[PDB]
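Protein chains in written order, with the deposited numbering: chain F, 349 to 464; chain D, 349 to 464; chain E, 349 to 464; chain e, 2 to 133; chain B, 387 to 514; chain g, 2 to 241. Where is the CB? At the ideal position from N, CA and C, for every residue including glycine.
Next comes the structure, spelled out in structure tokens:
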């Protein structure tokens, strides 16, 4: 995970995601003890984006098709990069987070959101 | 030390004494870190009773008179049972913990309470 | 540093400057917190005496004669004892500071104080 | 007619809308549909107050006592949590004679005037307490 | 047993989570206080004497009485006495049911109804 | 050291850490509840300010004995403090601020007296000594007026007899969850500051003052006297 081997945009996206996750880890305790809200908007946006990313990390597998019945999803890297860049940009600030759970690729998120 | 060998009262007395002492043992670190006033009232009662009980196990011996000069003592079992039952009940609380050192049976504790 | 081997005079002269050093070390934080203005009486004098003695510990060396105008000093032990006793007595308190710095013996320090 | 009538005690309030009929003693039950005139201030008696908001909804509010101010479209009451409107002084300091200075006197008998005494000692105690 | 073990596991975990709040119980909200009380009851239910093995029916009845709200009225110090009395009330008035549970191990709505009715009868009539 | 000693010490520190975390959570809950109480009590202070401004604008010709200031002599103070420790030394800060204040007052050559409400002030600050009129302690959280009614009354009756002139109150003020700072404020002189309100918009009718034209209002002051001090006290509790 260095700018030379993998590239510049991939490195930037990965570092931004890790920074957001670390920020969320720092903020949960303040919500837990000091209280809910009582905070600026940027922190709240960070929390919402972190929750969306956490939901989006999960994906169904192919070795569990005979158990659950849902087909497996193999996502090409480019799709992951595009989806995470779009999520970090803020375009999907209105999509419900429940559409990010076990949904595979980004367009599929859009289809599940519009269907719901 | 079995309820079918020493009876029922003896077993309960021994278990209660051991429980009180063990509970007091775990409170030393909190008192070291936190003030003595920062404890529950029941914890304070446990600490005081444990100190009284700890002093109460000491008696003068007939053989060690050369070391101290006090005459020896010999306490029957029933007196010990009655004294410990009275102590765990909460009576004997006003009596200072000093009067429980090397004093044989309880009645000598009551008598010694006058002096010191 | 034992009264039997070196003498009671030298021993009592010692362990008195070390007390001043320890007091100054303990007061350093308070001196760091704020200056002599917060400091009370009988501690400003301690601070001044500690500074004076710690500057008086300096001495020119003959080995540095290449870089020293003076040829260095060889102070006799009795002179050092006299100077330290006089400075501990508080007589040399009115002597301005920095006159004990790199001036070697106290007798030379007096001349340096007089000239500047 | 009636829009609001606020009664505030140490930490509480109530809301009044279009009150039909309000009953307070010592004033003939002056309160009721808002008079809105002759703004004034009176000493509210420690008797209870009966409130009828609308269509006969009756309720009782207990006032220990306090001050009542009326003005066009404004009714304000500053009440007391206990019976103290009589400006009691000796009774309210009887416990002070036993708990205010008597408690300190048993605890500390120095009875020495301060005049910022031993300020050096206070500073030294401050320095000792700083160490942590 | 597989059906009924989850409630005990969850209660023990939640008691492990919050236990230092025992002194400060009054300052907590209702939910956490109830969780702490349930954890205390459960952790005192686990105590047992030597040379007295429990049967599958006995364990099932005890766990069912605990998972439901039946042991929320008894005092924290009297839980051990209440548990045995309840066991001895069964095997004397409901022995067929105990034998069926011991021999089969099944769990159907019919068994649950019988266990609930027996527990209600014990809580209503007998005393501990 | 021995391996056993370290092995036991680690577990002891873990248990103490759990206990301290529980104490922190309890303190957070108590602090937020105290904030709720402060928000609830603020409108009472606001309406008190409104009514006193309205009355003083209504009858500025006559002023009671509490709005007249004589030359400063024999000043008095009021102190509030916690009854328990582990507070990081806010009581220490309050005591030090008041002691430099009284040191300056003594440099002005005026003797002082004061009263205490906090247990720590009586237990620790009084070993040194000091003229004291009243000390009430163990009022607890959510203290009631009955509890502090006497303590304020004796301090101000000392002013009423004239043997004290100026009375200040010293208490902590809460600016943010991490920010509390000592404050000293004079109340008995009750000098006016904001009197521009209600003059620009009618409010010229004033009151018929039927029960007493210029007599009952003094009692109002007493209520104000018992209000602000109370309003101060809860403040400190929250800060604590």
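Asked: Chain g within 7 Å of residue 458 of chain F, Cβ atoms only; Found: no
Asked: Under the three-state DSSP convention, the category residue 497 of chain B falls into; Found: helix
Asked: Straight-line gap, residue 152 of chain g to residue 68 of chain e (C-alpha atoms, nearest Å); Found: 23 Å
Asked: Contact list for residue 82 of chain e against chain E, beta-carbon separation under 7 Å; Found: Near residue 82 of chain e there are no residues of chain E at all, since even the closest Cβ is about 46 Å away, more than 7 Å.
Asked: Residue from g:117, g:62, g:240 with nearest C-alpha to residue 183 of chain g; Found: g:240
Asked: Residues near residue 419 of chain E in its chain [Cβ-Cβ closer than 7 Å; skip 5 each side]; Found: 410, 413
Asked: Within 7 Å, strictly: CB atoms of residue 154 of chain g and residue 93 of chain e; Found: yes
Asked: Residue 474 of chain B versus B:508, B:417, B:488, residue with shortest Cα-Cα distance; Found: B:508
Asked: Extent of the continuous beta strand (DSSP E) run through residue 72 of chain e; Found: 67-72
Asked: Within chain e, partners of residue 378 of chain E - CB distance below 7 Å; Found: 128
Asked: Residue 6 of chain e vs residue 76 of chain e beta-carbon contact at 7 Å; Found: yes
Asked: Nearest candidate by alpha-carbon position, reference residue 25 of chain g, set F:381, F:376, F:374, F:372; Found: F:381
Asked: Near-chain e residues of the stretch 139-166 of chain g (beta-carbon distance less than 8 Å), N- to C-terminal order; Found: 145, 146, 147, 150, 151, 152, 154, 155, 158
Asked: Endpoints, the alpha helix (DSSP H) within which residue 122 of chain e is located; Found: 120-131
Asked: Counted within 10 angstroms of its Cβ, other Cβ atoms place residue 444 of chain D as buried (16 or more) or exposed; Found: exposed
Asked: C-alpha distance - residue 130 of chain e paired with residue 379 of chain D, whole-angstrom precision; Found: 19 Å
Asked: Bridge partner(s) assigned by DSSP for residue 448 of chain E; Found: Answer by DSSP bridge pairing: none, since residue 448 of chain E is not bridged.
Asked: Pair within 7 Å by beta-carbon distance, residue 23 of chain e and residue 35 of chain e; Found: no
Asked: Beta carbon of residue 94 of chain g nearer than 7 Å to that of residue 121 of chain g; Found: no
Asked: Collapsed DSSP secondary structure at residue 453 of chain B in the structure displayed; Found: helix
Asked: Short CB-CB distance (under 7 Å) between residue 125 of chain e and chain g; Found: no
Asked: Cutoff 8 Å; reference residue 500 of chain B; Cβ partners in own chain excluding five residues on either side; Found: 480, 483
Asked: Close beta carbons around residue 156 of chain g, own chain, < 7 Å, minus the five adjacent residues each side; Found: 77, 79, 116, 134, 135, 168
Asked: For residue 232 of chain g, the three-state DSSP class (helix, strand or coil); Found: helix
Asked: Interface flag, residue 20 of chain g vs chain B, CB-CB below 7 Å; Found: yes
Asked: Residues bridged to residue 131 of chain g (per DSSP); Found: Answer is none; residue 131 of chain g lacks a bridge partner.
Asked: Alpha helix (DSSP H) segments (min. 4 residues) lying fully within the stretch 414-448 of chain B; Found: 416-431
Asked: Residue 40 of chain e classed as buried or exposed, judged by whether at least 16 other C-beta atoms fall within 10 angstroms; Found: buried
Asked: Rounded straight-line distance, which links the Cα of residue 415 of chain E to that of residue 429 of chain E; Found: 29 Å
Asked: Beta-carbon neighbours of residue 361 of chain F, restricted to chain g and to distances below 9 Å; Found: Those within 9 Å of residue 361 of chain F in chain g number zero; the least Cβ separation is about 35 Å.
Asked: Where the beta strand (DSSP E) containing residue 357 of chain D begins and where it ends; Found: Note, residue 357 of chain D: premise wrong, no beta strand (DSSP E); alpha helix (DSSP H) at 357-373.
Asked: Residue 47 of chain g - DSSP class collapsed to helix/strand/coil; Found: helix
Asked: Inside the stretch 109-189 of chain g only - alpha helix (DSSP H) runs reaching at least 4 residues; Found: 146-161
Asked: Length of the line joining the Cα atoms of residue 74 of chain e and residue 148 of chain g; Found: 37 Å
Asked: Test: residue 121 of chain e CB closer than 7 Å to a CB of chain E; Found: yes
Asked: Local Cβ density within 10 Å of residue 99 of chain e, reported as buried at 16 or more and exposed below that; Found: exposed
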